Amino acid sequence: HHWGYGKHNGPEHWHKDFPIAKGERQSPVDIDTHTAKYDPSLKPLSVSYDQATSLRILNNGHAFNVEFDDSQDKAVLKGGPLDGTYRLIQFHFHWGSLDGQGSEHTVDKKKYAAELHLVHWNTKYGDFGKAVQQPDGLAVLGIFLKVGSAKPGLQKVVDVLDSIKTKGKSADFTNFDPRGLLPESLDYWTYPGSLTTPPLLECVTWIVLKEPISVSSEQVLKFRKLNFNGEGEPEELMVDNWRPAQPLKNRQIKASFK
Ligand SMILES: CC(=O)[C@H]1CC[C@H]2[C@@H]3CC[C@H]4C[C@H](OS(N)(=O)=O)CC[C@]4(C)[C@H]3CC[C@]12C
Ligand SMILES: [Zn+2]
């Protein structure tokens with residue numbers, strides 16, 4: 001009886017195996033745009049993905065992960081609210097059964113169709129596993145998806161999903177350029193938070209871009225054809241793999257923009 005997104009193992013159950021689920025810096029949150037304070041001390045985000053080397057895509061039974069070779073100093077996130085340099089290890093999405101839900105962060109209670117997370121670890125802690133034990137171990141770049149025009153840079157991801165339909169399936173996924181998933185503007189909100197799945201560790205500096213990317217109805221429909229279940233198990237469509245907004249508690253959301 002492992003955690004997942006269902007009635008019997010979903011977010012409202014996670015606290016039993018992961019008591020930090022009710023902690024002081026849990027993610028995601030609602031971003032109240034009127035209460036978020038412009039912080040002129042925040043720096044422009046530095047997103048340097050020119051040398052990003054993707055290796056593989058994996059269906060882990062919760063989402064699909066596009067994994068990167070993080071063995072060298074290549075794909076790095078720095079500046080914005082961050083001290084030092086954070087290395088890209090993977091990206092994944094959260095999405096809905098319908099276009100009206102799927103994002104984890106909300107903006108004045110608005111839910112987007114999906115949310116992209118680019119996960120980076122603080123190079124001062126030497127690897128991903130050690131970084132998640134630290135309050136400044138990870139920087140996750142969150143990007144909203146709305147349904148409209150296709151995102152051409154997403155299509156290589158969409159086209160490989162047929163080959164990883166079920167939990168435990170992986171596929172070679174080399175030479176994927178994550179710059180094709182970024183919106184024009186790097187205006188952002190930032191706050192201290194957590195992983196949004198178990199183990200829910202409070203190790204994340206969240207950086208959530210204000211500008212969504214547009215993806216087509218056809219692109220997101222192909223996300224919704226994936227399966228939570230393994231090959232030769234009863235079909236459970238991989239939809240609604242999002243955690244709802246959690247209490248903000250003693251936290252300030254800061255805006256990079258006026
Ligand atoms: C058991 C482990 O080795 C830990 C160390 C790093 C952990 C990961 C930390 C990064 C997060 C990001 C991701 O979610 S999110 N939505 O907070 O960006 C899901 C869990 C995952 C992959 C974690 C899975 C458990 C990992 C691999
Ligand atoms: Zn995520």
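Only heavy atoms go into these numbers, but all of them, side chains included; no hydrogens, no water, no symmetry mates. Just follow the structure's listing: the first ligand is 1, and inside any ligand the first atom is 1. We're numbering straight along the sequence, starting at 1.
For the pairing with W121, the side chain to side chain donor-acceptor pair (under 3.5 Å) check across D70, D127, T85 returns one residue only, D70.
Within the 4.0 Å heavy-atom cutoff, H94 counts among the residues contacting ligand 1.
With a 6.0 Å cutoff to the six-membered ring centre and a 45° limit on the axis angle, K225 does not count as a cation-pi contact of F223.
For atom 20 (C) of ligand 1, the nearest non-hydrogen atom from the set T197, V140, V119 belongs to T197. Looking at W242, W206, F128, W121 and measuring to atom 27 (C) of ligand 1, the nearest heavy atom belongs to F128. One option in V204, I89, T196 has a heavy atom closer to atom 16 (N) of ligand 1 than any other, and that option is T196. Taking only non-hydrogen atoms, the option from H92, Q90, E104, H62 nearest to atom 14 (O) of ligand 1 is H92.
Which parts of ligand 1 touch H117 is read off a 4.0 Å heavy-atom cut-off, strictly below it: atoms 16 (N), 18 (O).
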After noting the C-alpha distance and the side-chain angles of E236 and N227, does the key distance pass the side chain to side chain donor-acceptor pair (under 3.5 Å) rule?
CA-CA 6 Å; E236 307 181 326; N227 283 187; over 6 Å; no
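Checked by atom type, the side-chain pair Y5/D240 shows no donor-acceptor distance below 3.5 Å.
In this structure, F64 and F93 approach most closely via the heavy-atom pair CZ-CD1, 3.4 Å.
Within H117, the N, O or S atom lying nearest to the Zn ion (ligand 2) carries the name ND1.
With respect to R56 and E67, a salt bridge is recorded, a charged nitrogen being found less than 4.0 Å from a carboxylate O.
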